[PDB]
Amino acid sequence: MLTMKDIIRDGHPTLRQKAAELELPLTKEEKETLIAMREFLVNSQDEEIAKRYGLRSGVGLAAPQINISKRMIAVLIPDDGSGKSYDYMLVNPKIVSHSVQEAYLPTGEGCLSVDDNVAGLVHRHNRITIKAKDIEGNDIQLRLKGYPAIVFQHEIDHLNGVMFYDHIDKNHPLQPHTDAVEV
(Lines of atoms letter the chains of each structure in order from A and count residues from 1; the text may use other names and numbers.)
(Lines give C-alpha, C1' and ligand atoms only; values in the text may rest on other atoms or scores of the structure.)
Protein backbone atom coordinates (compact mmCIF):
# COMPACT_ATOMS: atom_id res chain seq x y z
CA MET A 1 0.00 0.00 0.00
CA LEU A 2 1.00 3.61 -0.51
CA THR A 3 1.78 5.72 2.54
CA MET A 4 3.03 9.24 3.23
CA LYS A 5 6.51 7.80 2.50
CA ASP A 6 5.37 7.56 -1.17
CA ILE A 7 4.12 11.18 -1.41
CA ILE A 8 6.71 13.59 -2.64
CA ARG A 9 6.85 17.01 -1.05
CA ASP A 10 6.81 20.63 -2.15
CA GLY A 11 10.23 21.43 -3.65
CA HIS A 12 10.43 18.08 -5.48
CA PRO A 13 10.93 18.82 -9.25
CA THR A 14 8.35 16.27 -10.43
CA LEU A 15 5.58 18.40 -8.94
CA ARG A 16 6.58 21.31 -11.25
CA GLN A 17 6.65 19.25 -14.46
CA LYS A 18 3.89 18.76 -16.98
CA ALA A 19 2.72 15.10 -16.79
CA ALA A 20 2.66 12.91 -19.93
CA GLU A 21 -0.55 11.66 -21.54
CA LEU A 22 -1.04 7.93 -21.34
CA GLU A 23 -1.38 5.64 -24.36
CA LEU A 24 -4.36 3.32 -24.14
CA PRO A 25 -4.79 0.67 -23.02
CA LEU A 26 -2.83 1.15 -19.81
CA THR A 27 -0.03 -1.18 -18.74
CA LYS A 28 -0.72 -3.67 -15.95
CA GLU A 29 1.70 -1.46 -13.99
CA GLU A 30 -0.25 1.81 -14.65
CA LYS A 31 -3.59 0.24 -13.63
CA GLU A 32 -1.95 -1.01 -10.42
CA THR A 33 -0.79 2.45 -9.44
CA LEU A 34 -4.07 4.08 -10.19
CA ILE A 35 -5.86 1.52 -8.01
CA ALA A 36 -3.22 2.04 -5.31
CA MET A 37 -3.85 5.79 -5.44
CA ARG A 38 -7.51 5.25 -4.92
CA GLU A 39 -6.66 2.80 -2.13
CA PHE A 40 -4.57 5.50 -0.45
CA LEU A 41 -7.56 7.82 -0.32
CA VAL A 42 -9.88 5.11 1.07
CA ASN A 43 -7.26 4.16 3.66
CA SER A 44 -6.55 7.77 4.62
CA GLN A 45 -10.23 8.29 5.34
CA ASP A 46 -10.56 5.30 7.66
CA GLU A 47 -9.95 6.47 11.29
CA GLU A 48 -8.13 3.21 12.33
CA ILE A 49 -6.02 2.52 9.22
CA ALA A 50 -5.00 6.18 9.09
CA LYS A 51 -3.83 6.24 12.80
CA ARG A 52 -1.83 2.99 12.29
CA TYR A 53 -0.02 4.05 9.07
CA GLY A 54 0.25 7.78 9.84
CA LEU A 55 -1.99 8.88 6.92
CA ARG A 56 -3.14 12.45 6.30
CA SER A 57 -6.70 12.52 5.15
CA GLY A 58 -7.24 13.18 1.43
CA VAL A 59 -9.99 13.40 -1.16
CA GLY A 60 -7.82 13.55 -4.27
CA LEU A 61 -4.45 12.42 -5.55
CA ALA A 62 -2.53 13.04 -8.77
CA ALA A 63 0.14 10.58 -9.96
CA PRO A 64 2.82 13.32 -9.92
CA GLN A 65 2.41 13.40 -6.16
CA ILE A 66 3.85 9.86 -5.95
CA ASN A 67 6.57 10.96 -8.34
CA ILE A 68 4.97 9.40 -11.44
CA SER A 69 4.70 12.06 -14.10
CA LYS A 70 1.61 10.67 -15.88
CA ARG A 71 -1.81 12.21 -16.40
CA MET A 72 -3.88 10.19 -13.98
CA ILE A 73 -5.84 11.15 -10.92
CA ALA A 74 -8.06 9.73 -8.23
CA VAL A 75 -10.88 11.44 -6.33
CA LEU A 76 -12.74 10.04 -3.34
CA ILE A 77 -15.26 12.40 -1.80
CA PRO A 78 -17.71 10.68 0.51
CA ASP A 79 -21.46 11.21 0.81
CA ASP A 80 -21.37 14.21 3.22
CA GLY A 81 -25.11 14.98 3.56
CA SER A 82 -26.73 15.18 0.07
CA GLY A 83 -26.57 11.55 -1.21
CA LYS A 84 -23.82 12.59 -3.77
CA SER A 85 -20.35 10.96 -3.60
CA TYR A 86 -17.44 10.99 -5.94
CA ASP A 87 -15.36 7.93 -6.53
CA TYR A 88 -13.35 8.33 -9.76
CA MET A 89 -10.04 7.11 -11.19
CA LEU A 90 -9.37 9.17 -14.36
CA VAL A 91 -6.95 8.90 -17.20
CA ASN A 92 -5.99 11.94 -19.31
CA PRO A 93 -8.59 14.17 -17.74
CA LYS A 94 -9.37 17.40 -19.50
CA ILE A 95 -11.52 20.38 -18.61
CA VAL A 96 -13.34 21.10 -21.86
CA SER A 97 -15.64 23.87 -20.54
CA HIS A 98 -16.51 25.89 -17.39
CA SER A 99 -18.52 28.63 -15.76
CA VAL A 100 -17.33 32.20 -15.70
CA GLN A 101 -18.53 32.27 -12.11
CA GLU A 102 -15.69 31.58 -9.71
CA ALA A 103 -15.98 29.73 -6.38
CA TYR A 104 -13.76 29.20 -3.38
CA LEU A 105 -13.35 27.31 -0.15
CA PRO A 106 -13.39 29.95 2.65
CA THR A 107 -10.66 28.18 4.68
CA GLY A 108 -8.32 27.82 1.71
CA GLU A 109 -6.95 24.52 0.42
CA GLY A 110 -4.59 21.81 1.57
CA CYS A 111 -2.32 19.40 -0.23
CA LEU A 112 -0.77 16.11 0.86
CA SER A 113 2.42 17.32 -0.72
CA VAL A 114 2.51 20.52 1.32
CA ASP A 115 3.56 20.02 4.93
CA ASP A 116 2.48 23.51 6.14
CA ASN A 117 -1.06 24.97 6.09
CA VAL A 118 -1.35 27.92 3.71
CA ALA A 119 -3.90 30.64 4.16
CA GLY A 120 -5.34 32.27 1.09
CA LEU A 121 -8.37 31.84 -1.10
CA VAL A 122 -7.96 29.82 -4.27
CA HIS A 123 -10.57 30.95 -6.77
CA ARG A 124 -11.72 28.32 -9.16
CA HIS A 125 -14.55 27.68 -11.65
CA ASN A 126 -17.81 26.90 -9.87
CA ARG A 127 -18.84 24.49 -12.69
CA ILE A 128 -16.73 22.33 -14.98
CA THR A 129 -17.16 19.71 -17.63
CA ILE A 130 -14.43 17.07 -17.82
CA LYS A 131 -13.75 14.53 -20.54
CA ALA A 132 -11.43 11.71 -19.52
CA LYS A 133 -10.86 7.98 -19.83
CA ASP A 134 -11.40 5.44 -17.11
CA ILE A 135 -8.95 2.67 -16.07
CA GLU A 136 -10.18 0.34 -18.89
CA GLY A 137 -9.99 3.14 -21.53
CA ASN A 138 -13.75 3.81 -21.65
CA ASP A 139 -14.97 7.40 -22.06
CA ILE A 140 -16.13 9.48 -19.13
CA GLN A 141 -17.77 12.86 -19.18
CA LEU A 142 -18.26 14.58 -15.81
CA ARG A 143 -20.32 17.69 -14.98
CA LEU A 144 -19.26 19.06 -11.62
CA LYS A 145 -20.19 22.02 -9.41
CA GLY A 146 -18.95 23.34 -6.13
CA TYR A 147 -16.78 21.24 -3.85
CA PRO A 148 -16.32 18.39 -6.35
CA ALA A 149 -15.39 20.84 -9.06
CA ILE A 150 -12.72 22.44 -6.79
CA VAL A 151 -11.25 19.10 -5.94
CA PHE A 152 -11.00 17.93 -9.53
CA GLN A 153 -9.50 21.26 -10.61
CA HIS A 154 -6.96 20.93 -7.83
CA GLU A 155 -5.85 17.51 -8.99
CA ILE A 156 -5.88 18.48 -12.64
CA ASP A 157 -3.61 21.49 -11.79
CA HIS A 158 -1.12 18.89 -10.49
CA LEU A 159 -0.84 17.41 -13.94
CA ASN A 160 0.32 20.83 -15.26
CA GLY A 161 2.85 21.59 -12.52
CA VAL A 162 0.56 24.08 -10.76
CA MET A 163 0.17 24.08 -6.96
CA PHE A 164 -2.87 25.49 -5.12
CA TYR A 165 -0.86 28.29 -3.55
CA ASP A 166 0.09 29.72 -6.95
CA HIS A 167 -3.45 31.06 -7.16
CA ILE A 168 -3.29 33.04 -3.87
CA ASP A 169 -3.15 36.81 -3.93
CA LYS A 170 0.15 37.79 -2.25
CA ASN A 171 -1.32 41.19 -1.08
CA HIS A 172 -4.93 40.30 -0.26
CA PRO A 173 -5.00 36.51 0.32
CA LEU A 174 -8.39 36.48 2.09
CA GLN A 175 -10.17 38.99 -0.14
CA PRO A 176 -12.84 37.23 -2.19
CA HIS A 177 -13.34 38.19 -5.86
CA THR A 178 -16.60 40.02 -6.38
CA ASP A 179 -19.43 37.52 -7.08
CA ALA A 180 -17.18 34.57 -6.30
CA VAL A 181 -19.29 32.11 -4.33
CA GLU A 182 -18.25 30.59 -1.02
CA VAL A 183 -18.50 26.77 -0.93
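The first residue of the shown sequence is 1; numbering continues from there.
- For the pair 28-36 and 124-132, the mean Cα B-factor is higher in 28-36.
- Higher mean CA B-factor, judged across 97-105 and 81-89 from the recorded values: 81-89.
- When all modelled residues of the chain are sorted by CA temperature factor, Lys70 is found within the middle third.
- When the modelled residues of the chain are ordered by C-alpha B-factor, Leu159 sits in the lowest third.
- Ranked by Cα temperature factor within the chain, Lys51 sits in the highest third according to the deposited record.
- Sorting the modelled residues of the chain by their CA temperature factor places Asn117 in the highest third.
- Among the modelled residues of its chain, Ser57 has a C-alpha B-factor that falls in the highest third according to the deposited record.
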